[PDB]
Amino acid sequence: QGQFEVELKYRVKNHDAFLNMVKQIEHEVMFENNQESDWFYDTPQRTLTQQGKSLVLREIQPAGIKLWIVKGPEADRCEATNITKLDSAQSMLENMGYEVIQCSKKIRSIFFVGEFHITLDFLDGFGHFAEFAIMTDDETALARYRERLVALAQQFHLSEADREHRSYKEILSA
């Protein structure tokens, strides 16, 4: 569980329905209905963005989860580490020459089903979204996880037609 995260995003048109579904499934809960704030960073010339990378500081309340994240360049590469002082992290990145190129808020819920993660998000105005994923270190099993992920997705009655390819930041820059 690390550097390689396969993730499928879906549009969810029915919350309680989706909820009822997981409601009828054996699962662990990381947290429900927290507010997640994300701060995306980059240099003045947008160097990270030109290289297919994203740098993010993230805080989830009231769970109190705070992360320093870097995604890319590889399609499935994602690294992170928990941090205790979000403000210090923000201040250090600016001192490092970085600037917030985007900030965002959303209500989020994350559940566990085996080693797979289920994320349910709600963007005020655009609707509910769902993410299914698993982070692994072995990259050979990255096409087979992508499948059990689809399998799991199928359990919630979500078809490829429900698949959402536009990413959070990747879109609602709109």
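The first residue of the shown sequence is 1; numbering continues from there.
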query	finding
Segment of higher mean CA temperature factor, 60 to 68 or 136 to 144	136 to 144
Which of 147 to 155 and 18 to 26 has higher mean CA B factor, as the PDB entry lists it	18 to 26
Modelled-residue ranking by C-alpha temperature factor, third containing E131	middle
Third of the chain, ranked by Cα B-factor, where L86 sits	lowest
Where the record places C103 (Cα B-factor, split into thirds across the chain)	middle
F40 CA temperature factor, ranked by third within the chain	lowest
